[PDB]
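> kindly return the folded structure for what I paste below:
(one chain, ligands or ions: 1)
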Amino acid sequence: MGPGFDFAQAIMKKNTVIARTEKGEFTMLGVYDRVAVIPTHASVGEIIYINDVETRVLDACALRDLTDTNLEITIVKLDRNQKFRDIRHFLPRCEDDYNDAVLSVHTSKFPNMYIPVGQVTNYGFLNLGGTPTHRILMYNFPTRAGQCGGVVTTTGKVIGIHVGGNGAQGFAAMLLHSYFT
Ligand SMILES: O=C(O)c1ccsc1
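Numbering: from 1, shown residues only. Below is the structure in question.
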């Protein structure tokens with residue numbers, strides 16, 4: 001509809017795949033080369049399905065901060081015959097708050113879905129499904145099961161991936177440039 005949705009659509013059409021684990025179907029953001037991200041609660045194993053194709057996982061790392069606190073981001077290197085467009089230059093360098101964000105989801109359940117979530121707060125600490133979690137972003141949108149892994153963008157920045165909600169608010173894990181140097 002406008003320049004928020006334009007940037008969101010470019011990221012979705014080139015830099016997302018559908019990932020399936022034993023824990024469900026997720027939006028998965030490709031960042032550069034064969035490196036992608038997914039919520040840690042997807043429980044990535046040795047094999048994952050990518051767009052319904054059996055794919056070996058070359059490496060997987062569940063990120064934690066230097067206090068040994070969950071960040072809810074798993075970085076995955078996929079045994080795929082093609083690289084992602086490099087979008088590292090759209091990642092923020094620091095923790096921040098944002099205006100006018102879009103949450104974009106692409107799965108079998110929610111194809112080509114874009115949600116204007118509005119203002120995004122640096123919320124910080126969240127007890128997410130019982131697990132203490134840091135670097136959480138919050139938006140005041142009533143997000144639903146099936147949105148996990150959804151990409152949060154502003155015009156020109158890829159800022160986070162959706163990891164949960166409480167029925168009134170949605171929560172994303174921050175993406176930072178330093179995760180992918
Ligand atoms: O390839 C691209 O840059 C693209 C795809 C959809 S909108 C922009």
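> tell me the residues on this protein that lie near the ligand, please.
Contacts of the chain with the ligand, taken as CB under 6 Å from any ligand atom, map to 9-10, 13-14. The way it works is simple: take the backbone N, C-alpha and C, and place the C-beta from them, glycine included.
> out of the residues you listed, which are inside strands?
When DSSP state E is applied, those are split such that none fall in strands.
> quick one: residues contacting the residue nearest the centre of the chain.
Centre of the chain computed as the mean C-alpha position; nearest residue by CA atoms, centre = their mean is residue 161, 2.4 Å away. For residue 161, the contacting residues are 27, 29, 37-39, 73, 149-152, 172-173, 175, by CB atoms under 8 Å, 6 or more residues apart in numbering.
> please enumerate the strands of the protein.
16-21, 24-32, 35-39, 47-50, 53-64, 70-78, 98-105, 113-128, 131-139, 151-154, 157-165, 170-174.
> between these, which one is nearest to residue 92?
Across the strands of the chain, residue 92 has its closest neighbour in strand 157-165 (5.8 Å, CB to CB).
> now that closest one: how far from the chain's centre is it?
With CA atoms, centre = their mean, to the nearest Å as the basis, strand 157-165 stands 5 Å off its chain's centre.
> the domain parsing of the chain - what is it?
1-15+85-181, 16-84 (curated CATH domains).
> can you give me the end-to-end span of the shortest one?
Same thing as domain 16-84. Taking CA to CA, to the nearest Å, the first and last residues of domain 16-84 lie 9 Å apart.
> check the first one too.
Start to finish, the residues bounding domain 1-15+85-181 are 33 Å apart (CA to CA).
> figure out how far that domain is from the centre of its chain.
The chain centroid and the centroid of domain 1-15+85-181 are separated by 6 Å under CA atoms, centre = their mean.
> repeat for stretch 6-19
With CA atoms, centre = their mean as the basis, stretch 6-19 stands 11 Å off its chain's centre.
> what's it in contact with?
Under the criterion CB under 8 Å, 6+ apart, residues 25-31, 36, 38, 42, 48-52, 84-85, 87, 90, 102, 104, 106-108, 112, 114, 149, 151, 153-156, 158 lie in contact with stretch 6-19.
> which of those residues are buried?
25-31, 36, 38, 42, 48, 50, 84, 87, 90, 102, 104, 106-107, 114, 149, 151, 153-154, 158 (16 or more other CB atoms under 10 Å).
> mind putting the strands of the chain into CSV with distance to residue 180?
Listed next are these as CSV, based on distance: least, CB to CB, whole Å:
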stretch, distance to residue 180
strand 16-21, 16
strand 24-32, 5
strand 35-39, 7
strand 47-50, 19
strand 53-64, 11
strand 70-78, 8
strand 98-105, 19
strand 113-128, 20
strand 131-139, 15
strand 151-154, 15
strand 157-165, 11
strand 170-174, 13
